[PDB]
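Input: a single structure, listed below in structure tokens.
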Amino acid sequence: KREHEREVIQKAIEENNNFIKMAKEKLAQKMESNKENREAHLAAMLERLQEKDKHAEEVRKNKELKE
Amino acid sequence: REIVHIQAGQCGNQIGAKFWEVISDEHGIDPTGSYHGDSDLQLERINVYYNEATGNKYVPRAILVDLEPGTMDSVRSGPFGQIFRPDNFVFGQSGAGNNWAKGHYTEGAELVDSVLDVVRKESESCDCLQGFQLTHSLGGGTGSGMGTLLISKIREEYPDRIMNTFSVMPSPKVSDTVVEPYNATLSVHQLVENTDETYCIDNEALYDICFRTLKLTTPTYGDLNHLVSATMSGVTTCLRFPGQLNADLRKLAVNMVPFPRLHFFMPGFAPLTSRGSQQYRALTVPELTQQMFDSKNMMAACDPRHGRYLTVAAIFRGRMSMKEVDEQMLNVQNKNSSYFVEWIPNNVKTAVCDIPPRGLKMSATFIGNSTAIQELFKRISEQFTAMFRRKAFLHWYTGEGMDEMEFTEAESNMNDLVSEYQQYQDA
Ligand SMILES: Cc1ccc(-c2[nH]nc3c2[C@@H](c2ccccc2)N(c2ccc(O)cc2)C3=O)cc1
Ligand SMILES: Nc1nc2c(ncn2[C@@H]2O[C@H](COP(=O)(O)OP(=O)(O)O)[C@@H](O)[C@H]2O)c(=O)[nH]1
Ligand SMILES: [Mg+2]
């Protein structure tokens, strides 16, 4: 009965720890995936605004080429 | 023949404190520990329950245990709260949340060793220690879970001393939480293995006695505990005063328990008195005998006519005719002899002690080992399986490391105990 008593309390400890651990890792996983995502949507927004500038060079280059 | 008393959790310490009030008044000890009595029967067996201190003071051999400080500050403030040895208040701060697993495995385990330290210091001052009596309920977490943890550890340290308990059974009529049937079933599993004698004190019966017989429309724990302390005083009369018998806990177990697991006693008391209001006609010996066998005077809500008496102890208190007591006791047997098992000859034993309890001239305490007690365990078993078949409320217990399996084992042990009682009621 003593060994059973220490197993039960070891199990409660082991379960509280595993819950804290998994919440800790679930969160760091979410915060990392969310940062990547937010950064990728911004980088794609800048990438195509910067294409607008390459096309604005191309258009000013034509007005001299044609004159 | 010293007895070591332990009281655990809210219920155990509330009925514990009343017990020491009642018997202290009987032995003529005051709330400061000084004896102010007239007779010497009061002091001949005072050491069964009291240690003697320098200054010729008397200090209960009582250890007060809780996982919460609440009730125990109440005891220490109560009338006789100062009589208790202060080193013997052993308490934590977290409480047990009416949760057997907290009392037995997590919170209680933190505190149990310091309780065993006090128990050890008490035992080592004993010429001839009989054993232990525990007051506790089975429905909360401390008295239930930690109380049965203590018993399991006391038996490991003192395997050859007697283990005696007063165990308050839960009832929906006086109910604190829905999980009482779980805590009580887990506790009965422990009691069946590790006690020699347990007085089953059914909050269901104390309620019905208060409501029907005492005409109290709204019973409180105060009304219930008045009944409990009168019973506790009655059943321990033979330990605390001298008789033709030199009575102790082991002789009681030897004569009351024909099979080791069947050690759950039905207590009864007569006359049934409400607190405060006294009545002025003493009962007659015929009346005591009839009431104390009346199901209405039983503290376990079980019908004795639905079972059979394996053994019976009867203790009459007051100035009365021993001839007439013998006559009335022989009359109740020979008139209803079918309710006594024929294969234990002469299974009824009666004692008389001169000193009555406070405020009565005549009283009778009944201790029955009846196969009808299975009704109590059936009741609790049905309430247990109603929830357990849906695993309801288990998370409170699995959160403390317990497995469903351990509930299945405890339920199944309690159902075996029921079947073992039915074996001998047909025998
Ligand atoms: C069928 C039967 C029942 C009991 C006994 C017997 N034999 N010795 C002792 C007993 C009990 C007892 C029961 C009633 C009257 C007087 C003694 N008892 C006792 C001990 C402590 C108590 O708190 C209360 C009672 C003894 O000490 C023999 C047969
Ligand atoms: N007769 C009686 N029963 C009580 C008393 N206090 C609590 N109980 C019962 O005990 C159960 C609660 O368990 P409790 O002992 O209070 O929890 P604990 O503090 O962990 O020991 C409830 O079902 C009540 O019916 C009391 O003063 N008298
Ligand atoms: Mg409570």
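By convention in this document, the chains of the structure tokens carry letters A, B, ... by their order, each chain's residues are numbered from 1, and ligands are numbered from 1 in the order they are shown.
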
Handout entry: Test item: chain A residues at most 8 Å from chain B, counting only C-alpha atoms, as a PyMOL selection string
Key = chain A and resi 5-6+8-13+15

Handout entry: Residues within 9 Å of ligand 3, counting only C-alpha atoms and all ligand atoms, as a ChimeraX atom specification
Key = /B:9-11,97-98,139-141,175-177

Exercise for the section: Could the residues that lie within 9 Å of ligand 2, counting only C-alpha atoms and all ligand atoms, be listed as a ChimeraX atom specification? Expected result: /B:8-15,66-68,71,95-100,103,136-147,168-177,180,201-204,206-207,220-228

Just list the residues in region 159-255 of chain B DSSP gives strand (DSSP E or B) on the backbone, as a compact mmCIF listing (two decimals) with N, CA, C and O atoms, in the first residue's frame.
```
# COMPACT_ATOMS: atom_id res chain seq x y z
N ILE B 162 -5.67 -2.70 19.23
CA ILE B 162 -7.02 -2.67 18.69
C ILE B 162 -7.27 -1.32 18.02
O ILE B 162 -6.90 -0.26 18.55
N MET B 163 -7.91 -1.36 16.85
CA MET B 163 -8.28 -0.17 16.09
C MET B 163 -9.80 -0.03 16.10
O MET B 163 -10.52 -0.86 15.53
N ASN B 164 -10.30 1.03 16.73
CA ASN B 164 -11.72 1.29 16.94
C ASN B 164 -12.09 2.64 16.31
O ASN B 164 -11.34 3.62 16.45
N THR B 165 -13.23 2.70 15.61
CA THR B 165 -13.65 3.97 15.03
C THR B 165 -15.13 4.22 15.28
O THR B 165 -15.93 3.29 15.40
N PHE B 166 -15.46 5.52 15.35
CA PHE B 166 -16.82 6.04 15.23
C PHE B 166 -16.89 6.73 13.88
O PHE B 166 -16.26 7.77 13.69
N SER B 167 -17.63 6.14 12.95
CA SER B 167 -17.62 6.59 11.56
C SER B 167 -19.00 7.11 11.18
O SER B 167 -19.98 6.35 11.21
N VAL B 168 -19.09 8.39 10.82
CA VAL B 168 -20.37 9.00 10.46
C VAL B 168 -20.61 8.77 8.97
O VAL B 168 -19.80 9.15 8.13
N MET B 169 -21.70 8.07 8.65
CA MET B 169 -21.98 7.76 7.25
C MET B 169 -22.75 8.90 6.63
O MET B 169 -23.58 9.51 7.29
N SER B 171 -25.42 10.92 4.16
CA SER B 171 -26.80 10.78 3.77
C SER B 171 -27.24 11.98 2.95
O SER B 171 -26.93 13.12 3.32
N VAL B 174 -28.62 15.00 4.97
CA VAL B 174 -27.67 15.88 5.64
C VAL B 174 -26.40 15.78 4.81
O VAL B 174 -25.45 15.07 5.17
N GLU B 197 -13.26 -2.66 15.19
CA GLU B 197 -14.60 -2.25 15.60
C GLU B 197 -14.87 -0.88 15.03
O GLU B 197 -14.07 0.04 15.22
N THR B 198 -16.00 -0.73 14.33
CA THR B 198 -16.45 0.57 13.86
C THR B 198 -17.93 0.72 14.21
O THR B 198 -18.76 -0.09 13.80
N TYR B 199 -18.24 1.75 14.99
CA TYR B 199 -19.62 2.16 15.23
C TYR B 199 -20.13 2.95 14.02
O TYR B 199 -19.63 4.04 13.74
N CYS B 200 -21.10 2.39 13.30
CA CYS B 200 -21.68 3.04 12.14
C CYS B 200 -22.70 4.07 12.60
O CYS B 200 -23.80 3.71 13.05
N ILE B 201 -22.36 5.34 12.46
CA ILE B 201 -23.25 6.41 12.89
C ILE B 201 -23.80 7.08 11.64
O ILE B 201 -23.09 7.79 10.92
N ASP B 202 -25.07 6.82 11.38
CA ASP B 202 -25.68 7.15 10.11
C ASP B 202 -26.36 8.51 10.23
O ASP B 202 -27.32 8.67 10.98
```

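Taking only C-alpha atoms and all ligand atoms into account, every polymer residue with at least one atom at most 7 Å away from ligand 1 is listed here: residues 235, 236, 237, 238, 239, 245, 246, 247, 248, 249, 251, 252, 255, 256, 311, 312, 313, 314, 315, 346, 347, 348, 349, 350 and 351 of chain B.
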
Using only C-alpha atoms, please write the residues we just selected to a file, as a compact mmCIF listing (two decimals), in the first residue's frame.
```txt
# COMPACT_ATOMS: atom_id res chain seq x y z
CA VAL B 235 -20.82 2.62 24.38
CA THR B 236 -17.63 3.58 26.29
CA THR B 237 -19.22 3.31 29.76
CA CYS B 238 -17.69 -0.15 30.20
CA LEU B 239 -14.23 1.23 29.37
CA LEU B 245 -16.52 -7.05 33.92
CA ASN B 246 -13.04 -5.66 33.49
CA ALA B 247 -13.96 -4.31 30.05
CA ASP B 248 -11.49 -3.34 27.32
CA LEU B 249 -11.39 -2.97 23.55
CA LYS B 251 -12.55 -8.39 24.92
CA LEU B 252 -15.22 -6.32 23.17
CA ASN B 255 -17.16 -11.21 21.91
CA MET B 256 -18.76 -9.00 19.23
CA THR B 311 -24.17 -10.48 18.81
CA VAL B 312 -25.50 -7.74 21.09
CA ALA B 313 -24.04 -5.65 23.92
CA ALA B 314 -26.38 -3.74 26.27
CA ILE B 315 -25.19 -1.25 28.89
CA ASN B 346 -26.09 -16.69 24.45
CA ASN B 347 -25.03 -13.91 22.09
CA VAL B 348 -26.54 -11.12 24.28
CA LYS B 349 -24.53 -9.66 27.16
CA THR B 350 -25.66 -6.95 29.55
CA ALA B 351 -23.85 -4.63 31.96
```

Problem - Close residues, residue 31 (chain B) itself excluded, 12 Å, only C-alpha atoms, min 6 positions apart in chain, as a PyMOL selection string - result: chain B and resi 17+20-25+57-60+76-84

Exercise for the section: Just list the residues in region 83-165 of chain B DSSP gives helix (DSSP H, G or I) on the backbone, as number ranges by chain. Expected result: B: 83, 86-88, 100-104, 107-123, 142-157
